[PDB]
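Participant: show me how the following folds:
(2 chains, ligands or ions: 1)
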Amino acid sequence: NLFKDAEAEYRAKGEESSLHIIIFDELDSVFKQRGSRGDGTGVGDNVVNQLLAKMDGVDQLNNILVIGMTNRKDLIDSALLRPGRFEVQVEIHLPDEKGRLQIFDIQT
Amino acid sequence: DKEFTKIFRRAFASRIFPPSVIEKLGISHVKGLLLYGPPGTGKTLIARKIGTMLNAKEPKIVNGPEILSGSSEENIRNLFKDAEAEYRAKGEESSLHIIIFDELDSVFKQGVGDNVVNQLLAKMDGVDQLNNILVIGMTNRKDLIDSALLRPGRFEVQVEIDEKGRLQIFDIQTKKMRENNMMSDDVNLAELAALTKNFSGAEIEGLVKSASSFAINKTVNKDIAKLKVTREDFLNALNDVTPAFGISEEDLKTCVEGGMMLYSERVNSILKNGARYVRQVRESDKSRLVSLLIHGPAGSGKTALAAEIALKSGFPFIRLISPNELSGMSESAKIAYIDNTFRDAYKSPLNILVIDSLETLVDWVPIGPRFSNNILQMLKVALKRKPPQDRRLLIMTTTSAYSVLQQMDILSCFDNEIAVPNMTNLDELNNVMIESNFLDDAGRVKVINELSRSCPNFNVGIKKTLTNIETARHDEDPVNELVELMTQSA
Ligand SMILES: Nc1ncnc2c1ncn2[C@@H]1O[C@H](COP(=O)(O)OP(=O)(O)OP(=O)(O)O)[C@@H](O)[C@H]1O
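Facilitator: Residues are numbered from 1 along each chain as shown, chains lettered A, B, ... in the order given. Let me share the structure:
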């Protein structure tokens, strides 16, 4: 239900469609490994399948950029770490001394 | 092509004969074909091409993970309705139906994933004699396949899935940019192929996009006509993408990083003997296994010499077994790593294998004495095993504890020994000094005079000489350092 606006604008205006960006906080919360097992309600697996279907079989939606912020990459399902799905991964590490000075300046 | 011939000749031959003969004799057509290999080999491509090439029924492509849904069993059983009805209508005349299940191991692991197996096994064999259905199972991980399916009569045939092809796919990708006169002539595609050794198609697309990205950056902080992709972007973008392979040929090149000096003729003699043995292995058809031992005082330099001989050999296959690779492993892991390293040397017409510091692999310490008997026995057995038919090995092992090996009685396993004595005459020191351009002529003439009056017999290893020269270069370039230091290391 989140992608309806992008689909509508794409269908309406071809390549003139503006850029729509949606960002998923706490990505590892729901999209854990889809082979966890447990013999119970499967709503924790069809969620990944739905997102993967709307992200891979996009039907040529080329005006969407999803940003995912997390603290533990290892827990993310491996199926989403491949070309065409979350390609670029940027690591943010601890600041350097000059960055420390910049942060101190900004804070004060 | 070889697999393409095997699968066609052996499996897909029975259907050619007139149907009545098959019906009468009772010969049974092979049912299962398992194509396996690393990701990106194109297993899906081959699966698709097989159906069209053989003029078979339109393939039913179904994703492995999508199988997840009693409705899963309903789908599995419904899959076979068309083939069952078609065979019922005609019989032996039914056309060949092919079903491909991508990522078989995803759902067919050792309870939807169990009921699916139940349905498939119930339909596949027993009451049914449908020889018109061919199921192709493709998986990147062969070990994960259920044992219930790994048995005779099911998936009998297993098939395992280059530089030129890589260049061709590069051309395929580049066509659009090259045609529109936006590519500089300096870019050598073959060079990029030589750089990309362990990359798959998606990685190639990624490198293309990143290299273009650098050209994009060059413009943005109406001259769009000058947007050109340069070789520098291709060189720079290589840092983003990464492969998932490994090579040890580099390890055999770093061991000689310090280079040769030819400070004495015996070095040339040893090299000559090595080139003789390599030729002997190359030419004789009876000598299918040659073992050599290279022994000498510690620090004289033995790994570098063997690595040099191996690099001069030029054989298709060369490898090194060094302690560094085994560090941190448990015993049951070392014994398997050593076994695998040997088992991978029997798949090529000519092979060279180098073993480094034999006594260190065995964990020898003289206080006990303590050592690991299992690895010792494994190596002793391996060093005498003849390779399979028509394949030839050359093994060179380096050691520094000749006496210990004598005690263990392992010495009977080697065919010949080569001794490498460390330099003792000041002439060799002069050669090394001129080779290392340590000092001018006057200093290099005074050093010998200073030494001759203090230490007539030199007896120092080359490694120590090099390190001493390096450390003396800084404190006091004049002789007043070196002669002392070396006298201290005598
Ligand atoms: N025959 C040789 N001629 C010239 N340089 C050599 C020769 N052998 C070894 N060296 C130099 O010695 C350096 C280190 O020697 P190397 O590692 O082979 O010693 P080693 O005696 O095998 O060592 P270890 O003491 O670990 O048993 C190499 O970088 C190489 O440049």
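Participant: just how off-centre is the strand or helix carrying residue B:406 within its chain?
Facilitator: Assigned by DSSP states H and E, residue B:406 belongs to helix B:402-408. Taking CA atoms, centre = their mean, to the nearest Å, the mean C-alpha location of helix B:402-408 is offset from the chain mean by 34 Å.
Participant: and for stretch B:392-412?
Facilitator: Centre to centre, stretch against its chain (CA atoms, centre = their mean), the figure for stretch B:392-412 is 27 Å.
Participant: which positions within it qualify as buried?
Facilitator: Buried residues in stretch B:392-412, counted by 16 or more other CB atoms under 10 Å in any protein chain shown: B:392-402, B:404-405, B:408, B:410. (C-beta placed from N, C-alpha, C; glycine too.)
Participant: and those near the ligand, which?
Facilitator: residue B:400 (CB under 6 Å from any ligand atom).
Participant: nearest to the ligand, of the buried residues of stretch B:392-412?
Facilitator: Nearest to the ligand out of those is residue B:400 (CB to the nearest ligand atom; 5.3 Å).
Participant: what about the residue lying closest to the closest one once chain neighbours are set aside, how many residues nearby?
Facilitator: In space, and not counting its chain neighbours, residue B:400 is closest to residue B:298: 4.8 Å by CB to CB, 6 or more residues apart in numbering or on different chains. Using other CB atoms under 10 Å in any protein chain shown, residue B:298 is surrounded by 10 other residues.
Participant: what about residue B:298, which SS state?
Facilitator: Under DSSP: H, G, I helix; E, B strand; the rest coil, residue B:298 falls in the coil class.
Participant: measure the closest residue to the ligand within chain A to residue A:9 for me?
Facilitator: Per CB to the nearest ligand atom, residue A:93 is where chain A lies closest to the ligand, at 35.8 Å. Separation of residue A:93 from residue A:9 (CB to CB, to the nearest Å): 37 Å.
Participant: more neighbours: which of the two?
Facilitator: For residue A:93 and residue A:9, the more surrounded residue by other CB under 10 Å is residue A:9, and the numbers stand at 15 against 5.
Participant: as CSV, could you dump the C-alpha coordinates of the helix or strand hosting the more buried one?
Facilitator: Using DSSP H and E, residue A:9 falls within helix A:4-13. Presented in CSV, the C-alpha positions along helix A:4-13 are these (Å, rounded to 0.1, in the frame of the first residue of the first chain):
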residue,chain,number,x,y,z
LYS,A,4,0.6,3.1,-4.9
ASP,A,5,1.5,6.8,-5.4
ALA,A,6,4.7,6.0,-7.3
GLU,A,7,3.0,3.5,-9.5
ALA,A,8,0.2,6.1,-10.3
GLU,A,9,2.7,8.9,-11.1
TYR,A,10,4.8,6.6,-13.2
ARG,A,11,1.8,5.4,-15.2
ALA,A,12,0.6,9.0,-15.6
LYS,A,13,3.9,10.7,-16.6
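Participant: what about whichever residue of chain B sits closest to chain A, how many residues nearby?
Facilitator: At 4.2 Å from chain A, residue B:202 is the closest residue in chain B, using CB to the nearest CB. The local packing of residue B:202 (other CB under 10 Å) involves 15 other residues.
Participant: who in the stretch 201-350 of chain B is up against chain A?
Facilitator: Neighbours of chain A within the stretch 201-350 of chain B, by CB under 8 Å from any CB of the partner chain: B:202, B:205-206.
Participant: in JSON lines: those residues, plus secondary structure and distance to residue B:33.
Facilitator: Formatted as JSON lines, those follow (DSSP: H, G, I helix; E, B strand; the rest coil; distance: CB to CB, whole Å):
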{"residue": "B:202", "secondary structure": "helix", "distance to residue B:33": "26"}
{"residue": "B:205", "secondary structure": "helix", "distance to residue B:33": "30"}
{"residue": "B:206", "secondary structure": "helix", "distance to residue B:33": "32"}
